[PDB]
Amino acid sequence: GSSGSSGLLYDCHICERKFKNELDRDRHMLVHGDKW
Ligand SMILES: [Zn+2]
């Protein structure tokens, strides 16, 4: 539905997660990519 109760814009394409900013999501993507 269309409700004004949410604070997540970015979403992960590995674990179907969701973050607030590209940072919280970006730093997370690392857990997936073998960049670490
Ligand atoms: Zn993920």
# chains A, B, ... in the order shown; residues from 1 in each chain; ligands from 1
>>> closest_atom_pairs(of="chain A", to="ligand 1", cutoff="8 Å", atoms="only C-alpha atoms and all ligand atoms", output="tab-separated table")
residue	atom	partner	partner_atom_place_in_ligand_line	distance
A:12	CA	ligand 1	1 (Zn)	4.9
A:13	CA	ligand 1	1 (Zn)	6.1
A:14	CA	ligand 1	1 (Zn)	4.4
A:15	CA	ligand 1	1 (Zn)	4.1
A:16	CA	ligand 1	1 (Zn)	6.2
A:17	CA	ligand 1	1 (Zn)	5.6
A:25	CA	ligand 1	1 (Zn)	7.9
A:28	CA	ligand 1	1 (Zn)	6.4
A:29	CA	ligand 1	1 (Zn)	5.7
A:31	CA	ligand 1	1 (Zn)	7.2
A:32	CA	ligand 1	1 (Zn)	6.5
>>> residues_around(residues="segment 2-9 of chain A", least_positions_apart="6", cutoff="12 Å", atoms="only C-alpha atoms", output="CSV table (one decimal) with N, CA and C atoms, in the first residue's frame")
chain,number,residue,atom,x,y,z
A,17,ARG,N,18.1,-7.5,1.2
A,17,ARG,CA,18.1,-6.6,2.3
A,17,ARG,C,17.7,-5.1,1.9
A,18,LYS,N,17.6,-4.2,2.8
A,18,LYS,CA,17.2,-2.9,2.5
A,18,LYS,C,17.9,-1.9,3.5
A,19,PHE,N,18.5,-0.8,3.0
A,19,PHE,CA,19.1,0.2,3.8
A,19,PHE,C,18.5,1.6,3.6
A,20,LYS,N,19.1,2.6,4.3
A,20,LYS,CA,18.6,3.9,4.2
A,20,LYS,C,19.3,4.7,3.2
A,21,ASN,N,20.7,4.7,3.2
A,21,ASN,CA,21.5,5.4,2.3
A,21,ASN,C,22.4,4.4,1.5
A,22,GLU,N,23.0,4.9,0.4
A,22,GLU,CA,23.8,4.1,-0.4
A,22,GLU,C,25.0,3.6,0.3
A,23,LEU,N,25.4,4.3,1.4
A,23,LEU,CA,26.5,4.0,2.2
A,23,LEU,C,26.3,2.7,3.0
A,24,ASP,N,25.2,2.7,3.8
A,24,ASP,CA,24.9,1.5,4.6
A,24,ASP,C,24.7,0.3,3.7
A,25,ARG,N,24.2,0.5,2.5
A,25,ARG,CA,24.0,-0.6,1.6
A,25,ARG,C,25.3,-1.0,0.9
>>> select_by_dssp(residues="chain A", states="strand (DSSP E or B)", output="list in words")
residues 10, 11, 18 and 19 of chain A
>>> write_last_selection(atoms="C-alpha atoms", output="PDB file, in the first residue's frame")
ATOM      1  CA  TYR A  10      18.393   1.387  -1.203  1.00  0.00           C
ATOM      2  CA  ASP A  11      17.998  -2.384  -1.483  1.00  0.00           C
ATOM      3  CA  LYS A  18      17.228  -2.852   2.540  1.00  0.00           C
ATOM      4  CA  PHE A  19      19.138   0.178   3.824  1.00  0.00           C
TER       5      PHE A  19
END
